[PDB]
>>> print(open('query-v9.txt').read())   # compact mmCIF, N, CA, C and O atoms
# COMPACT_ATOMS: atom_id res chain seq x y z
N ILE A 1 -15.76 100.19 102.26
CA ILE A 1 -16.86 99.48 101.56
C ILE A 1 -17.86 100.47 100.97
O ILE A 1 -18.60 101.13 101.69
N UNK A 2 -17.88 100.56 99.64
CA UNK A 2 -18.79 101.47 98.95
C UNK A 2 -18.02 102.38 97.99
O UNK A 2 -17.63 101.95 96.90
N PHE A 3 -17.82 103.63 98.39
CA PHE A 3 -17.11 104.59 97.56
C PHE A 3 -16.02 105.29 98.36
O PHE A 3 -14.84 105.26 98.00
N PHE A 4 -16.42 105.94 99.46
CA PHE A 4 -15.48 106.65 100.31
C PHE A 4 -15.89 106.52 101.78
O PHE A 4 -16.64 105.62 102.15
N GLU A 5 -15.39 107.43 102.61
CA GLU A 5 -15.71 107.42 104.03
C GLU A 5 -16.49 108.67 104.43
O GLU A 5 -16.19 109.31 105.43
N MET A 6 -17.50 109.01 103.62
CA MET A 6 -18.32 110.18 103.88
C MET A 6 -19.11 110.01 105.18
O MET A 6 -19.08 108.95 105.81
N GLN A 7 -19.82 111.07 105.58
CA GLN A 7 -20.61 111.04 106.80
C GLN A 7 -22.09 111.28 106.49
O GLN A 7 -22.48 111.39 105.33
N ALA A 8 -22.90 111.36 107.54
CA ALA A 8 -24.33 111.58 107.38
C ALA A 8 -24.64 113.07 107.26
O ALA A 8 -24.03 113.90 107.94
N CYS A 9 -25.60 113.40 106.40
CA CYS A 9 -26.00 114.79 106.19
C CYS A 9 -26.58 115.39 107.46
O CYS A 9 -26.51 116.60 107.67
N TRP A 10 -27.14 114.55 108.31
CA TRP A 10 -27.73 115.01 109.57
C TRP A 10 -26.77 114.80 110.74
O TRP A 10 -26.97 115.35 111.82
N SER A 11 -25.72 114.01 110.52
CA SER A 11 -24.74 113.74 111.56
C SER A 11 -23.94 114.99 111.89
O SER A 11 -23.56 115.21 113.04
N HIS A 12 -23.70 115.82 110.88
CA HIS A 12 -22.95 117.06 111.07
C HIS A 12 -23.89 118.26 111.16
O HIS A 12 -24.14 118.78 112.25
N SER A 13 -24.40 118.69 110.02
CA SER A 13 -25.31 119.83 109.97
C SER A 13 -25.58 120.26 108.53
O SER A 13 -25.06 121.28 108.06
N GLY A 14 -26.40 119.48 107.83
CA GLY A 14 -26.72 119.80 106.45
C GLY A 14 -28.17 119.54 106.13
O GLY A 14 -28.98 119.27 107.02
N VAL A 15 -28.51 119.63 104.85
CA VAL A 15 -29.88 119.41 104.40
C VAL A 15 -29.91 118.63 103.09
O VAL A 15 -28.91 118.57 102.37
N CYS A 16 -31.06 118.04 102.78
CA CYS A 16 -31.22 117.27 101.55
C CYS A 16 -32.19 117.97 100.60
O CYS A 16 -33.40 117.92 100.79
N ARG A 17 -31.64 118.62 99.58
CA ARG A 17 -32.45 119.33 98.60
C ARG A 17 -32.58 118.54 97.31
O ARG A 17 -31.89 117.54 97.11
N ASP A 18 -33.46 118.99 96.42
CA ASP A 18 -33.67 118.33 95.15
C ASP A 18 -32.45 118.47 94.26
O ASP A 18 -31.84 119.54 94.17
N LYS A 19 -32.09 117.38 93.60
CA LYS A 19 -30.94 117.37 92.70
C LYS A 19 -31.15 118.28 91.50
O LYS A 19 -30.20 118.61 90.79
N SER A 20 -32.40 118.69 91.27
CA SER A 20 -32.72 119.56 90.15
C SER A 20 -32.84 121.02 90.59
O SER A 20 -33.47 121.83 89.91
N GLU A 21 -32.24 121.35 91.73
CA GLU A 21 -32.28 122.70 92.25
C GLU A 21 -31.23 123.56 91.58
O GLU A 21 -30.21 123.07 91.09
N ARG A 22 -31.49 124.85 91.58
CA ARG A 22 -30.60 125.83 90.98
C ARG A 22 -29.81 126.59 92.04
O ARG A 22 -28.82 127.26 91.73
N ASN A 23 -30.25 126.48 93.29
CA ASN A 23 -29.58 127.17 94.39
C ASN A 23 -29.19 126.18 95.49
O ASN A 23 -29.70 126.26 96.61
N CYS A 24 -28.30 125.26 95.16
CA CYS A 24 -27.85 124.26 96.12
C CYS A 24 -26.33 124.13 96.12
O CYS A 24 -25.72 123.86 95.08
N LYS A 25 -25.72 124.32 97.28
CA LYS A 25 -24.27 124.21 97.42
C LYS A 25 -23.89 122.83 97.95
O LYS A 25 -23.91 122.60 99.16
N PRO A 26 -23.53 121.89 97.06
CA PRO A 26 -23.15 120.53 97.45
C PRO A 26 -21.90 120.50 98.32
O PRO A 26 -20.88 121.10 97.99
N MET A 27 -21.99 119.80 99.45
CA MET A 27 -20.87 119.69 100.37
C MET A 27 -20.30 118.28 100.36
O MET A 27 -21.03 117.30 100.16
N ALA A 28 -18.99 118.17 100.58
CA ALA A 28 -18.33 116.87 100.60
C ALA A 28 -18.36 116.24 101.99
O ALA A 28 -19.06 116.73 102.88
N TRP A 29 -17.60 115.17 102.17
CA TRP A 29 -17.54 114.47 103.45
C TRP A 29 -18.92 114.27 104.05
O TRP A 29 -19.10 114.33 105.27
N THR A 30 -19.91 114.03 103.19
CA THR A 30 -21.28 113.82 103.64
C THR A 30 -22.20 113.51 102.47
O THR A 30 -22.02 114.03 101.37
N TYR A 31 -23.20 112.67 102.71
CA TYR A 31 -24.16 112.29 101.68
C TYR A 31 -25.58 112.25 102.24
O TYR A 31 -25.77 112.36 103.45
N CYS A 32 -26.56 112.09 101.36
CA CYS A 32 -27.96 112.04 101.78
C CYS A 32 -28.45 110.60 101.84
O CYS A 32 -27.83 109.69 101.29
N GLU A 33 -29.57 110.40 102.52
CA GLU A 33 -30.16 109.08 102.67
C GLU A 33 -30.94 108.67 101.43
O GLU A 33 -31.09 107.49 101.14
N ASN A 34 -31.45 109.66 100.70
CA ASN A 34 -32.22 109.41 99.49
C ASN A 34 -31.31 109.34 98.26
O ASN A 34 -30.27 110.00 98.21
N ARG A 35 -31.72 108.54 97.27
CA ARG A 35 -30.94 108.39 96.05
C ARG A 35 -31.36 109.41 94.99
O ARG A 35 -31.02 109.28 93.82
N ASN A 36 -32.10 110.44 95.41
CA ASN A 36 -32.55 111.48 94.50
C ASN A 36 -32.44 112.85 95.15
O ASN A 36 -33.04 113.82 94.68
N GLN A 37 -31.67 112.93 96.23
CA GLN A 37 -31.48 114.17 96.95
C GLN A 37 -30.00 114.40 97.26
O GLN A 37 -29.27 113.45 97.54
N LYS A 38 -29.57 115.65 97.19
CA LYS A 38 -28.17 115.99 97.46
C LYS A 38 -28.02 116.65 98.82
O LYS A 38 -28.92 117.36 99.28
N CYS A 39 -26.88 116.42 99.46
CA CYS A 39 -26.61 117.00 100.77
C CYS A 39 -25.91 118.35 100.61
O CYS A 39 -24.71 118.41 100.36
N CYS A 40 -26.68 119.41 100.76
CA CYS A 40 -26.16 120.76 100.63
C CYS A 40 -25.89 121.38 102.00
O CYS A 40 -26.35 120.87 103.02
N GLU A 41 -25.14 122.48 102.01
CA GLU A 41 -24.81 123.17 103.25
C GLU A 41 -26.07 123.64 103.96
O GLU A 41 -26.28 123.37 105.15
N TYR A 42 -26.93 124.36 103.23
CA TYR A 42 -28.17 124.87 103.79
C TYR A 42 -29.34 124.60 102.85
O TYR A 42 -29.11 124.54 101.63
>>> encode(input="query-v9.txt", output="structure tokens")
Amino acid sequence: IXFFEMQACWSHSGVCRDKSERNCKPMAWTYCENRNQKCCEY
């Protein structure tokens, strides 16, 4: 139900940075709670 079977950005070990960042490494199998923030590794 939705798109895929991703996990929580805080459930594993990630962070939510600004989508307009220049130094953000987007990680899969996980998403952010905000609709304007991406779940990056660090």
>>> residues_around(input="query-v9.txt", residues="stretch 1-10 of chain A", least_positions_apart="6", cutoff="5 Å", atoms="all atoms listed in the file", output="number ranges by chain")
A: 29-31
>>> residues_around(input="query-v9.txt", residues="residue A:19", least_positions_apart="4", cutoff="8 Å", atoms="all atoms listed in the file", output="PDB file with N, CA, C and O atoms, in the frame of the given file")
ATOM      1  N   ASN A  36     -32.100 110.440  95.410  1.00  0.00           N
ATOM      2  CA  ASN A  36     -32.550 111.480  94.500  1.00  0.00           C
ATOM      3  C   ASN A  36     -32.440 112.850  95.150  1.00  0.00           C
ATOM      4  O   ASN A  36     -33.040 113.820  94.680  1.00  0.00           O
ATOM      5  N   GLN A  37     -31.670 112.930  96.230  1.00  0.00           N
ATOM      6  CA  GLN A  37     -31.480 114.170  96.950  1.00  0.00           C
ATOM      7  C   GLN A  37     -30.000 114.400  97.260  1.00  0.00           C
ATOM      8  O   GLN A  37     -29.270 113.450  97.540  1.00  0.00           O
ATOM      9  N   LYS A  38     -29.570 115.650  97.190  1.00  0.00           N
ATOM     10  CA  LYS A  38     -28.170 115.990  97.460  1.00  0.00           C
ATOM     11  C   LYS A  38     -28.020 116.650  98.820  1.00  0.00           C
ATOM     12  O   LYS A  38     -28.920 117.360  99.280  1.00  0.00           O
ATOM     13  N   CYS A  39     -26.880 116.420  99.460  1.00  0.00           N
ATOM     14  CA  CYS A  39     -26.610 117.000 100.770  1.00  0.00           C
ATOM     15  C   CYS A  39     -25.910 118.350 100.610  1.00  0.00           C
ATOM     16  O   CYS A  39     -24.710 118.410 100.360  1.00  0.00           O
TER      17      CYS A  39
END
>>> atom_distance(input="query-v9.txt", atom1="atom CA of residue A:35", atom2="atom CA of residue A:11")
17.5 Å
>>> select_by_dssp(input="query-v9.txt", residues="chain A", states="strand (DSSP E or B)", output="VMD selection string")
chain A and resid 8 15 to 18 26 31 37 to 40
>>> axis_aligned_box(input="query-v9.txt", around="stretch 24-34 of chain A", padding_each_side="5 Å", output="lines of an AutoDock Vina configuration file")
center_x = -24.9
center_y = 116.4
center_z = 100.2
size_x = 24.7
size_y = 27.8
size_z = 20.2
